[PDB]
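Chain and residue survey
The chain contents come next:
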Amino acid sequence: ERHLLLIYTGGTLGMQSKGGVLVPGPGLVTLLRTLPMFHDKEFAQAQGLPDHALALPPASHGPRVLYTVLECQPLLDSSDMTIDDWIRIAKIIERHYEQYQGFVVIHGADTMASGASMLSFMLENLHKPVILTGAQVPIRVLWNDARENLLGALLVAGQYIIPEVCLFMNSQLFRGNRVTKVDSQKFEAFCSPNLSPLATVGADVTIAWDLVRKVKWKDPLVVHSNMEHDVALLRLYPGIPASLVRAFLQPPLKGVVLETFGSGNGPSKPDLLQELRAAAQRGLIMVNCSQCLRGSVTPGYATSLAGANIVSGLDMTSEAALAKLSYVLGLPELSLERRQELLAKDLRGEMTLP
Amino acid sequence: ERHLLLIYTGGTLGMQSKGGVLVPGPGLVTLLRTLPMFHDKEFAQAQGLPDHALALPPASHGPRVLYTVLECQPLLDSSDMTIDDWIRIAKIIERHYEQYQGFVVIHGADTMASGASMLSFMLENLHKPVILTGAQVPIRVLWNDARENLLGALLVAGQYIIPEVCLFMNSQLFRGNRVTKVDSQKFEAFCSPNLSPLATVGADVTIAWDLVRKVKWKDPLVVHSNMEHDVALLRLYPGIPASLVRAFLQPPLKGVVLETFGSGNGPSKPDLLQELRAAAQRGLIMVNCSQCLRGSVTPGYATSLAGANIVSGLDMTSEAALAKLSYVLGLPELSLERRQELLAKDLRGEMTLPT
Amino acid sequence: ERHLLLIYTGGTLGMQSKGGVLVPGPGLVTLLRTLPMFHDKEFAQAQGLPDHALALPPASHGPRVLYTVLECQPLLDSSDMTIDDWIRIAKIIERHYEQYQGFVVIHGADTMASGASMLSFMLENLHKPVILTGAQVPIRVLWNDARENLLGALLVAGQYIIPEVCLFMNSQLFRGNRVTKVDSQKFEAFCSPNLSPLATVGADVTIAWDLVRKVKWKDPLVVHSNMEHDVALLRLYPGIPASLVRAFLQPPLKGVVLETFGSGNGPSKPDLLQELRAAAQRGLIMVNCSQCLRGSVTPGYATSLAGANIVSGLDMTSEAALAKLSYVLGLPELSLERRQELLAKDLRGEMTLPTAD
Amino acid sequence: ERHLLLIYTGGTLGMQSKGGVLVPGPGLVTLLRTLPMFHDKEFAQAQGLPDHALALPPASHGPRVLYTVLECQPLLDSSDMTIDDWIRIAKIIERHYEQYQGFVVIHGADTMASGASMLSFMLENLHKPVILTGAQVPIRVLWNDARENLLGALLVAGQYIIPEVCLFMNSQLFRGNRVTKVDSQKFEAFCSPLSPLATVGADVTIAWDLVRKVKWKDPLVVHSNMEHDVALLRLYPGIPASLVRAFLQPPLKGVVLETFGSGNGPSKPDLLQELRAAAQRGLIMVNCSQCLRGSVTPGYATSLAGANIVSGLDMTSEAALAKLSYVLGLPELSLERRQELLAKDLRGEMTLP
Ligand SMILES: NC(=O)C[C@H](N)C(=O)O
Ligand SMILES: NC(=O)C[C@H](N)C(=O)O
Ligand SMILES: NC(=O)C[C@H](N)C(=O)O
Ligand SMILES: NC(=O)C[C@H](N)C(=O)O
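Residues numbered from 1 in each chain as written, not as in the entry; some residues may be left out. Chains lettered and ligands numbered in written order. Heavy atoms only, no water.

- Per the deposited record, X-ray crystallography is how this structure was determined, to a resolution of 2.29 Å.

Points about the site of ligand 4
- In the vicinity of ligand 4, the residues found are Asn265 and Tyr301 of chain C together with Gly11, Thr12, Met15, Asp77, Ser78, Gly108, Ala109, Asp110, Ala135 and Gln136 of chain D.
- Contacts to ligand 4 include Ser78 of chain D, whose side-chain N or O atom sits 2.5 Å from an oxygen atom.
- Contacts to ligand 4 include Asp110 of chain D, whose side-chain N or O atom sits 2.9 Å from a nitrogen atom.
- Look at ligand 4: alone it shows 270 Å² of surface, and the protein chains cover 98% of it.
- Tallied by class, residues from the shell around ligand 4 come to 4 nonpolar, 6 polar and 2 charged. (Near = heavy atom within 4 Å. Polar contact = N/O pair within 3.5 Å; in protein donor to acceptor, adjacent residues only side chain to side chain. Areas by Shrake-Rupley, 256 points an atom, 1.4 Å probe, with all protein chains shown as cover. Nonpolar A, V, L, I, M, F, W, Y, C, P; charged D, E, K, R; others polar.)

Looking at the interface of chain D and chain C
- Tallying the contact residues gives 51 residues for chain D and 52 residues for chain C.
- Carbon and sulfur atoms make up 58% of the area that chain D and chain C hide from each other, which totals about 3,900 Å².
- Counting every contact that joins chain D to chain C gives 2 salt bridges.
- When the shortest N-O distance is used, the salt bridge between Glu259 of chain C and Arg234 of chain D registers 3.8 Å.
- In this structure, the connection of chain D to chain C is made through 21 residue pairs in polar contact.
- Those elements that provide at least two residues to the side of chain D that touches chain C are strand 3 (21–24), strand 16 (230–234) and helix 6 (241–247) of chain D.
- A total of 4 residues in the side of chain D that touches chain C trace back to one element, the largest contributor, which is strand 16 of chain D.
- A breakdown of the residues in the side of chain D that touches chain C according to their chemical character gives 22 nonpolar, 20 polar and 9 charged. (Contact = heavy atoms within 4.5 Å. Buried area = accessible area lost by both parts, 1.4 Å probe. Salt bridge = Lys/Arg side-chain N within 4 Å of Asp/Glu carboxyl O. Helix = DSSP H or I, 4+ residues; strand = E, 2+ residues; numbered from the N terminus.)

Remarks on the interface of chain B and chain A
- Between chain B and chain A, the residue contacts involve 51 residues of the former and 52 residues of the latter.
- Interface area for chain B against chain A, summed over the two sides, is near 3,900 Å², with a carbon-plus-sulfur share of 58%.
- On the surface where chain B and chain A come into contact, there are 3 salt bridges.
- Between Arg235 of chain B and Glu259 of chain A there is a salt bridge, and its shortest N-O distance comes to 3.9 Å.
- At the junction of chain B with chain A, the criterion picks out 22 residue pairs in polar contact.

Overview of the pairing of strand 8 (residues 130–133) of chain B
All names here are of chain B.
- Side chains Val130 and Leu132 of strand 8 all project onto a buried face; the interleaved residues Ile131 and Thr133 project onto the opposite face, where all are buried too.
- Relative to strand 8, strand 6 (residues 102–106) is paired through 4 bridges, and the arrangement is parallel. Residue pairing in the sheet places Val105 in a bridge with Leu132 of strand 8.
- Relative to strand 9 (residues 165–169), strand 8 runs parallel, the two being bridged by 3 bridges. Its bridge partner being in strand 9, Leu132 is matched across the sheet by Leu167. (Buried < 20%, exposed > 50% of the residue type's maximum accessible area, 1.4 Å probe, protein only. Pairing = 2+ DSSP bridges.)

Some remarks on the sheet that holds strand 18 (residues 285–290) of chain C
Residue and element names in this part refer to chain C.
- Strand order across the open sheet formed by 4 strands is 16-17-18-19, with parallel pairing between neighbours. The sheet is open, and its two borders are formed by strand 16 (231–235) and strand 19 (310–312), each paired with just one other strand. Pairs of neighbouring strands in the sheet enclose a mean axial angle of 25°, with direction left out of account.
- Bridge analysis of strand 18 against strand 19 gives 3 bridges, and the strand direction is parallel. Bridging from a neighbouring strand, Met286 pairs with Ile310 of strand 19. (Axes fitted to C-alpha atoms, helices over the stretch in contact; angles between N-to-C directions.)

So this is what it looks like as structure tokens:
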């Protein structure tokens, strides 16, 4: 037997109609009990299990999977989630860490990538799988992607030791701090542009063990509630004025991700470069990410953004850059020089160095 | 014979190394003369052609293609381009419109999608092909994509009547106001997520004629120099504070594209919704686009951004939304209500209406 | 209410383990009754429905879907299926045609593409959806693709009028005579290389109505049991000897699909060309298909296979070519010249005739 | 300076029209001289180079690339090529091995995958790049894929030590015994259903983790001893036992059976009797999937396994056939041993589980 905690935070997976729109819907465990793929009634009575705990049917090989449903309240559309919400999820995982072998987090799709990236950083030295999942269609609608996404998440967390925050959707397991949302309607809503999926499910389960991170059994779980809240993302657009950038980078902002053009370039007009230099003097740290979905930031042009307090984001997703920035800036008592060194390392498998 | 104007504005296609970095490089026509795929010397002498004009070798079918190279100065990395630069290109095309059968614009890749979208709107009633192209590797480096991208553009503009601003890269012709840049290194750098390519080149040339827009021969070319400059793009991110949005939307900003989450959703926290409402009262217009690459903005959630002065961008690329916003806000003497109605129409094939 | 017939012929979707291997498994309706996504017990009792008939829960819009399970016997691994088996399925659909609004056929994946193609031809003037589906993992294994494939098929047949033999797998509806199997393990096992999917399912259902064939209401359903059995497929490989081709094309073979190289080319060595000419003289008809997955057979090289009794397969899948060949050769009293003309037409949406300009 | 041999065997890359159809066209070096991307005239005169030898323009760093064009005769449409033709190419590479740092082979596309696979096996202990390339459109036609495919091949062979038979098309370098042709018209004609060994874009990315290691201690052994009596047989539904019997008659020594799905076939006894009968005669059978992607695996009662049947796992059919030809051509081995070799990864063509 392996035991999982299933943390239901909201999202379309469990929504219901009200006033002609989807809103978060309670009563998940009540529904899951009625579904044989999610709950084995025979086995429950045979072992007289606590009523709070569900049991998956037996799978082909391996151990049996039991899980407990923890329904947060209120439930949220993921568009409403913030660093504080992700911290609360991390703390749930921390409190219950020793009692469970893995975790699944039902989450809205709108910001799942940001959440996966955030939790990747908050959960330092993680030793157990934390699998985020969601759906484009609610589980109470007959024709949906929720059933198989939720089951897949539970089975992955239940059967494999992948000590990472991942995202499972549509038969694929992605490294969480490598995903981004590419489709607003299709079931294949997520993509991992600069890294292979960690796993694929088909006739057989294929796992890229060469990529999966190693359990650090000597080191304890350290949860970072100290995440800098004053970080932002700024997408450059052609002719963006210096005056607007000035306003954006005003105190109390401590860090910013600049999504630049192509291989990491921006306008070379002086008044704009002046504002970035000015913000560097105030102590602001800047990470340069590409607006492009695929590829890396690299030097090479006269228009490349580099210099005082600018760190290259290489091939990071913006969601990962923002989370890493929040993480590093939240660390206590470090020199700005040291903070920059950390931003330039691969801390959770989110960045590929050359 | 068909004659094209080749407008060289800059970009990696023609860059050179200097101080260990790529910068714009002059002298394109000088190089192209030396290349047999770009200039047929035999034919030039046989017709004693003007020295400014180049001739492509004969192609499989069709008419012969001649072209003239117009090298803008200064040349620019496309990261430095703005609405003003694209207006200048539109005006070049306007001045020379009657003398040429089509146009090719060599452009940097970093903002090509914005430029294509802008020109799409500026060139009202366009009757001739305007093909933007560029490269990930300069044409003076041996192993490059520039040669074939430039030749392809010239052949497409030279041989076909596609009255659209397009982008040609890597054997594909895209509708210009439908493209976006998806890869910063690969030769397949561009994608048209919510529309088929207009053409594909292989052994044969396949054109999606049932998508290509129809020539309106009665209507003259109207070039819009009146493009609103005070427009912006704002990407939402989780927990973006009201205070920051307030600062972003301060006068003199007239219009903004909000890149929202998923099917067009954002935080429902009241202080943020109050700033958008406040900006609507000041007269600002907002277009709601998805941060997602593929798919459409649609209502359906309690978190959907809709209401006063917010227009759904449906399946538009952000580059197209920004350009359309610039276009509509630059039109003279319209009510704010009318401006919104125009934003909700398909003006250049950039948006697909539901039905 | 719309009523469907669910024809369970076998395949991995319903297999069980025995001696460490998967074999066909009976008792489908018994399992489906226990599954709330497949059977609404409340509604069944509320309308006191016949015990043989299942009811899907209500869906977002549209009518309610009821269905009857017909479990063929014996059940088969699709690797064992032949023209005779597909004829039996066509005849089941014929007998029950008027009682039901659509059909779903649970079928093994190994030859689903051949079966879809065969049924496409056998069911002339079809007016109702016939949706084939299957799975890479059996429905009794917990982590599987069967649940969603079967539900999807039922919902597509139940809710839309697509008068075609289709294949539904992994959220996509393909034209059946356009599919081929491209992956032996992934759930995305099928691909339609020279045609778009007819439909895609996501948050919403998108249907390519511009491609879906039109119902011919005036014309009755004609089922062709007269399918020529003596047809074969022959894949060319470099240096394939004339002697081997000779042996392959011996009587009683009436038709063959030659899978050739690239744009439809083969060796020009004379002894080989002589065997094809010899077989043409015996009255054999040959269809030339490309080994390539995507693209078309076209003339252009000195190595292009063309001539006596050879018809270009253009962009047909080999599965479709073989079925069309079986269909056309089974038609009664036609000249060989006429048979060839029919092979060169688009009879069921399986072939795209080349564009002029 | 690095020197390459460019072996022009034929194919569309160099074809010309005649009687309204494409046929092989001679005079490649004559054309390439006139093209600045392919020949640097300044540099040629500056070093007074032999007239037979061409010089690519420089890149910034790295060495300069010179190459010699060897035009086979007659030139062939690849549809006409056989084991004998690929042996001849291997022997050209053997004779000139010491004089050149790499090789490029211009080849027709129709059977390039078979040829790449064959050469992969023939060229045991290969230490230098052998890059096959071709085109969907002839180089003399203005809008074509030939120019960039040929240049790419020369630059890859000239600049990198990838001791493998590869195929370069459309900005990608594939392991040769892993490719297959998926499109008959598009420039993206080939697919490796394994990662590409390299990709060319703004930068060149090479998957060094996959590229095989040079064995400098071991000499190049060229196998002319390739079994010719091997065949490929694609199963189709209801294929009769009588037809399979005829196909597997002597003198056939080996056959690749392209089976359904994960490696399955009809379980009807008369058919299984013919495969067993052929095994008794000494025939060896490799089971490959008709599917493009994935692996042959046991699991069903319909899986073809047993006497003298070896699983092809994830091999392409082109690789299975070539490996079968290779193994059967080896002298004095027991049939058991031949089967063990078929089940190993000999040239990177097969992934073991
Ligand atoms: N599909 C989803 O989950 C979208 C939903 N608005 C959410 O993020 O909560
Ligand atoms: N590939 C390119 O052209 C990049 C260049 N920085 C530009 O956009 O001008
Ligand atoms: N996935 C499957 O159904 C394969 C099985 N051998 C069959 O075709 O019956
Ligand atoms: N593209 C090509 O090269 C096709 C040609 N028929 C050949 O294989 O020789």
